[PDB]
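Remarks on the structure that follows.
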Amino acid sequence: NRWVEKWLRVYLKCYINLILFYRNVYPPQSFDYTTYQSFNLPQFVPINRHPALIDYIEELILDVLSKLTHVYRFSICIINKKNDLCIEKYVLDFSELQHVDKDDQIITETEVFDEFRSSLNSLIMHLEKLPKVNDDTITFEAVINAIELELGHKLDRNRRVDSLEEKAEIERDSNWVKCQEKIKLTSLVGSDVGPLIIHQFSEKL
Amino acid sequence: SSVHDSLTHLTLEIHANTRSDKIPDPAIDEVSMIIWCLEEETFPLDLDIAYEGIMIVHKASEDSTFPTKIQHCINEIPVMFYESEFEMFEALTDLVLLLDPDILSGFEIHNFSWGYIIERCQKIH
Amino acid sequence: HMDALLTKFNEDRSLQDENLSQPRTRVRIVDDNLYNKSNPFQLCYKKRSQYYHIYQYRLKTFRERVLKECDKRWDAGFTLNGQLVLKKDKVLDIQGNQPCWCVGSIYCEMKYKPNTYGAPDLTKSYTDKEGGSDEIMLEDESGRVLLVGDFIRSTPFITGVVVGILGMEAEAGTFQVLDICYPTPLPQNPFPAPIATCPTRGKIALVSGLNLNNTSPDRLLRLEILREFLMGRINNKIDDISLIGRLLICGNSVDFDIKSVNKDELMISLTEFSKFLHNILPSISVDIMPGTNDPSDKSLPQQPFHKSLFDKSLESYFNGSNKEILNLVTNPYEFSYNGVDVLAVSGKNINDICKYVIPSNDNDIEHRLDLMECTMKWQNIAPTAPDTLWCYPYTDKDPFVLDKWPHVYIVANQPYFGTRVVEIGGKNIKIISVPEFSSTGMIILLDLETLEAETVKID
Amino acid sequence: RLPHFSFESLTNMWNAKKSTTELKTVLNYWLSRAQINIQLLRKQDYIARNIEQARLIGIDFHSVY
Numbered sequence: 002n003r004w005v006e007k008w009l010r011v012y013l014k015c016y017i018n019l020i021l022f023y024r025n026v027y028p029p030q031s032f033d034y035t036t037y038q039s040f041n042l043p044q045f046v047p048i049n050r051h052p053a054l055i056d057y058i059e060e061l062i063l064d065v066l067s068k069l070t071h072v073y074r075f076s077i078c079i080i081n082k083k084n085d086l087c088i089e090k091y092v093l094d095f096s097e098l099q100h101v102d103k104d105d106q107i108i109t110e111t112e113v114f115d116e117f118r119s120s121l122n123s124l125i126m127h128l129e130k131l132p133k134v135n136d137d138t139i140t141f142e143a144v145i146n147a148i149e150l151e152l153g154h155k156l157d158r159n160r161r162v163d164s165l166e167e168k169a170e171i172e173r174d175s176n177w178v179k180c181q182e196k197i198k199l200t201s202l203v204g205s206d207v208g209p210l211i212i213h214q215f216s217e218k219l
Numbered sequence: 661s662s663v664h665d666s667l668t669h670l671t672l673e674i675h676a677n678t679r680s681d682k683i684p685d686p687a688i689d690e691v692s693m694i695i696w697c698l699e700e701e702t703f704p705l706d707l708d709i710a711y712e713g714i715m716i717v718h719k720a721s722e723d724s725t726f727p728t729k730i731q732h733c734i735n736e737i738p739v740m741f742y743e744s745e746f747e748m749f750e751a752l753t754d755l756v757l758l759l760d761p762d763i764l765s766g767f768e769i770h771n772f773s774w775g776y777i778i779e780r781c782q783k784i785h
Numbered sequence: 000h001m002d003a004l005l006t007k008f009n010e011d012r013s014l015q016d017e018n019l020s021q022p023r024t025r026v027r028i029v030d031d032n033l034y035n036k037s038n039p040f041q042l043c044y045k046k047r051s052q053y054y055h056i057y058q059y060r061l062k063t064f065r066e067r068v069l070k071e072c073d074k075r076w077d078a079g080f081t082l083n084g085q086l087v088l089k090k091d092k093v094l095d096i097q098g099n100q101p102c103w104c105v106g107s108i109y110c111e112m113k114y115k116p117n126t127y128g129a130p131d132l133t134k135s136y137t138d139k140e141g142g143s144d145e146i147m148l149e150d151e152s153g154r155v156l157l158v159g160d161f162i163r164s165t166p167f168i169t170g171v172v173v174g175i176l177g178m179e180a181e182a183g184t185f186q187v188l189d190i191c192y193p194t195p196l197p198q199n200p201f202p203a204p205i206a207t208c209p210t211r212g213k214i215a216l217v218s219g220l221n222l223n224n225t226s227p228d229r230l231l232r233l234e235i236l237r238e239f240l241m242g243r244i245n246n247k248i249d250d251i252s253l254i255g256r257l258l259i260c261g262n263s264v265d266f267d268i269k270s271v272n273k274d275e276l277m278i279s280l281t282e283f284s285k286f287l288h289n290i291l292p293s294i295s296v297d298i299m300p301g302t303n304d305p306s307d308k309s310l311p312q313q314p315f316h317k318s319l320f321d322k323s324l325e326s327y328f329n330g331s332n333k334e335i336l337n338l339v340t341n342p343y344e345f346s347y348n349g350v351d352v353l354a355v356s357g358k359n360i361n362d363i364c365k366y367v368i369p370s371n372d373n391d392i393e394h395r396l397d398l399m400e401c402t403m404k405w406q407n408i409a410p411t412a413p414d415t416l417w418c419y420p421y422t423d424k425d426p427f428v429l430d431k432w433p434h435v436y437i438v439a440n441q442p443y444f445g446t447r448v449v450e451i452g453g454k455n456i457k458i459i460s461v462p463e464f465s466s467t468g469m470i471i472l473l474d475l476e477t478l479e480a481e482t483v484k485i486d
Numbered sequence: 852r853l854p855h856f857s858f859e860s861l862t863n864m865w866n867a868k869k870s871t872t873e874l875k876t877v878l879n880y881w882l883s884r885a886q887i888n889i890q891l892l893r894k895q896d897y898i899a900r901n902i903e904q905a906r907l908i909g910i911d912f913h914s915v916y
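Chains as they are written, first to last, in the deposited numbering: chain A, 2 to 182, 196 to 219; chain B, 661 to 785; chain C, 0 to 47, 51 to 117, 126 to 373, 391 to 486; chain D, 852 to 916.
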């Protein structure tokens, strides 16, 4: 639809930037708890303003929402400066979406915001319950485990491009690269609202 | 300075009590209050000089408190109380005989200036 | 901990001996103010360069107003060894060595300590040194005179203050300050006591404005978590509900800054205000007023914005109930409890004088408490942009700081709490300075049993 | 930056018994124009291009401008 990927955009904004806050990849004094970054947030999510960085975050979310049926699992990968090895892999899902069906029913704004507030607060809970040692020297990168995609060849085949929407689309397929393809895994309570099944977990190392 | 180099300068500007439908015409309209400004260290003496002064024209009806407003609220100079507009012009020329007006400063120097009162006194006075 | 043991100890209140499907309704509130008067401060329905004509209107209105009192309510000319105190305001005959009543208005120093197309800082060089000097000039629109003495700094008659000054003349330029004058009292609106079957009437001036940026949760905290339940569920066992009356915010409904806000973040904080007000509206009825940083005309007579502060759940209540459970009222309002008239001010009217535009008249809660005492006494032009309307600003009926006097004035958004009472020859007036909510709240009960106020620390 | 007043508005603030403030502003405003004229020709036209040209060249001041 139209309203449902707005909710997905806000949910991923909360999810991504909250992972960024609790990993201390950016200084906590730049963060402040808020409800408005371009939209209505379900919870007070600590967001640093930093318009290059929030441009990057809404950029990445508009990249992931651009495909919207290849993705069965959005995720966030955590990489140290020290090694490229994954520190955490926070799981998210785009399974059984309303948008692929394009069903008009049902809106349930308070109910979907309720289940989103639940999944956010679970993310808070299992992000304080792991400890804080080596609180600096952590970075951020995305990963998508998706069921059926390849779009990166659309830069090629001598295409002639004329519209800004497909300029954006070529930027979407340009920004994404397939990588080459466990130690611990922890449970997270996902949102279980009807049209938006987001079965979200966490991985450790 | 220790020696006067050159050219002490004082300006002259006016007020227009014009007809409020049109631009001011000095062939028609008068000036009641005259403002000259010399303020620098080029003039040595500094007794009444390097020091601004303003003088009035009024119809000798002091009951509308125009002199007493200026002297108490504003503390620039003891304001000279002149009447009989040609005599105020004469006392302005007496003042520029008193001072040293080498550069005759101003602005719009034919129109809103010395030249305003020169052709005003040529045609009216 | 032993905090839980205190709950274990206090088993005496099993259920407070309330039925708890019985609501014990507390207040028989009268609210005579709501229906059978026009509000002067309110807009014109037909209405729904300005300032210049208003300033002379204030000056002339006060000039006939205090013209009735220079000898009727002040000094007999038989005193002062027959020095003439006759009603000459112009400085032409003030130079006569007998001191007259100099009926004039002080405009000595009012400009801004904090701040460039108009080159302000270069002009502000003249502001800092001259404004810092506390010397007082009196203007009846006919001429300035110097003022020295003890009441130069102790009595804060900063601006728009028509006074008659008494001092041994001793120079045309200057006086000392022995006496000032005032407007006449518009008369005693009768304070009642409902002596037969006394209600133990409600006592409330609680909220100074729930200043609510989206940018901070700490201002969101101490609303909806300690409040909305002190009115009804958080209990002083049980007398707090008996004292509390009908909810009174004053200004500051949502904090925001105008150059950083857009559509949806305005509705986020306004719908959370709707959550708060529809949460508390079954418990306590409310009276709401915008006017400093919540959406307004940014004037003292300011049109209060209906239908925007509320979600659809709460929107239909003002349609359903006309003015009883909630009505939109202006920055000043005369809340009258059968003649207990009380005045509100959102605070900006005195906070701009207290911090923003003050270089002088300074000898900081006990200083700023008396600025709105002064603004009560002279009923005068406090702010810098008053009445600020394109059509019908003031039609010679409705001064923004009015002429009919209240029993309590409410002003808001101070650093500390301040609550004194002063008696004047007209009436008695209690001073109310309710602090801004991020400055520790200090939230207040008001009036109406023995005319007594009670603050409580919400932090 | 100096505010500029129209001559009709200046005529309105002259010639009659209105308040002290409008007499104050027309007086201080034409004095402010006079003082910035003095500072302005003190900064650019007198020293920088004309008077040392007179002390270098020898001819008097009028024919230089």
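Cβ atoms here follow ideal geometry from the backbone N, Cα and C, with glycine treated the same way.
Rounded to the nearest angstrom, what separates residue i and residue j at their Cα positions?
{"i": "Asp321 of chain C", "j": "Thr281 of chain C", "result": "6 Å"}
{"i": "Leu338 of chain C", "j": "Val162 of chain A", "result": "56 Å"}
{"i": "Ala147 of chain A", "j": "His71 of chain A", "result": "6 Å"}
{"i": "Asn289 of chain C", "j": "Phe315 of chain C", "result": "20 Å"}
{"i": "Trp417 of chain C", "j": "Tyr53 of chain C", "result": "10 Å"}
{"i": "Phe266 of chain C", "j": "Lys83 of chain A", "result": "43 Å"}
{"i": "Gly445 of chain C", "j": "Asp397 of chain C", "result": "10 Å"}
{"i": "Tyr897 of chain D", "j": "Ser883 of chain D", "result": "20 Å"}
{"i": "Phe64 of chain C", "j": "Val171 of chain C", "result": "10 Å"}
{"i": "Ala143 of chain A", "j": "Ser201 of chain A", "result": "20 Å"}
{"i": "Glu476 of chain C", "j": "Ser252 of chain C", "result": "12 Å"}
According to DSSP, is residue i helix, strand or coil?
{"i": "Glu701 of chain B", "result": "coil"}
{"i": "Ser107 of chain C", "result": "strand"}
{"i": "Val171 of chain C", "result": "strand"}
{"i": "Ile77 of chain A", "result": "strand"}
{"i": "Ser284 of chain C", "result": "helix"}
{"i": "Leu156 of chain A", "result": "helix"}
{"i": "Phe141 of chain A", "result": "strand"}
{"i": "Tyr34 of chain A", "result": "strand"}
{"i": "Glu334 of chain C", "result": "coil"}
{"i": "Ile485 of chain C", "result": "coil"}
{"i": "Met112 of chain C", "result": "coil"}
{"i": "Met126 of chain A", "result": "helix"}
{"i": "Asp351 of chain C", "result": "strand"}
{"i": "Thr111 of chain A", "result": "helix"}
Applying the 10 Å Cβ sphere with the 16-neighbour rule, what's the burial state of residue i?
{"i": "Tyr711 of chain B", "result": "exposed"}
{"i": "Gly713 of chain B", "result": "buried"}
{"i": "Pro684 of chain B", "result": "buried"}
Starting from residue i, trace the alpha helix (DSSP H) both ways and give me its first and last residue.
{"i": "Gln58 of chain C", "result": "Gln52 to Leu69"}
{"i": "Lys894 of chain D", "result": "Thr871 to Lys894"}
{"i": "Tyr12 of chain A", "result": "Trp4 to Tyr23"}
{"i": "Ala169 of chain A", "result": "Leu165 to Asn176"}
{"i": "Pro130 of chain C", "result": "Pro130 to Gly142"}
Output the boundary residues of the beta strand (DSSP E) element that contains residue i.
{"i": "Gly713 of chain B", "result": "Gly713 to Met715"}
{"i": "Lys404 of chain C", "result": "That residue, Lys404 of chain C, is in no beta strand (DSSP E); its alpha helix (DSSP H) goes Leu398 to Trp405."}
{"i": "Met147 of chain C", "result": "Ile146 to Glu149"}
{"i": "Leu472 of chain C", "result": "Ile470 to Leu472"}
{"i": "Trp696 of chain B", "result": "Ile694 to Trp696"}
- Query: For the region 93-112 of chain C against the region 905-913 of chain D, are there 3 or more C-beta pairs whose distance is under 8 Å?
  - Reply: Output reads no: the region 905-913 of chain D does not touch the region 93-112 of chain C.
Discussion item. Tell me whether the region 183-195 of chain C and the region 413-428 of chain C touch, counting them as touching only if at least three CB pairs, one residue from each stretch, are closer than 8 Å.
Written reply: At 8 Å Cβ cutoff, the stretches do not touch.
### Query
Is the region 324-342 of chain C in contact with the region 241-255 of chain C, if contact means three or more CB pairs nearer than 8 Å?
Touching, no.
Margin query: I want to know whether the region 351-359 of chain C touches the region 302-310 of chain C - three or more CB-CB distances under 8 Å.
Written below: With the cut-off at 8 Å, the region 351-359 of chain C and the region 302-310 of chain C touch.
Open item on the list: Under 8 Å, with one C-beta from each stretch per pair, do the region 218-226 of chain C and the region 448-457 of chain C reach the 3-pair mark?
Closed with: Segment contact: the region 218-226 of chain C against the region 448-457 of chain C, fewer than three CB-CB distances shorter than 8 Å; contact not assigned.
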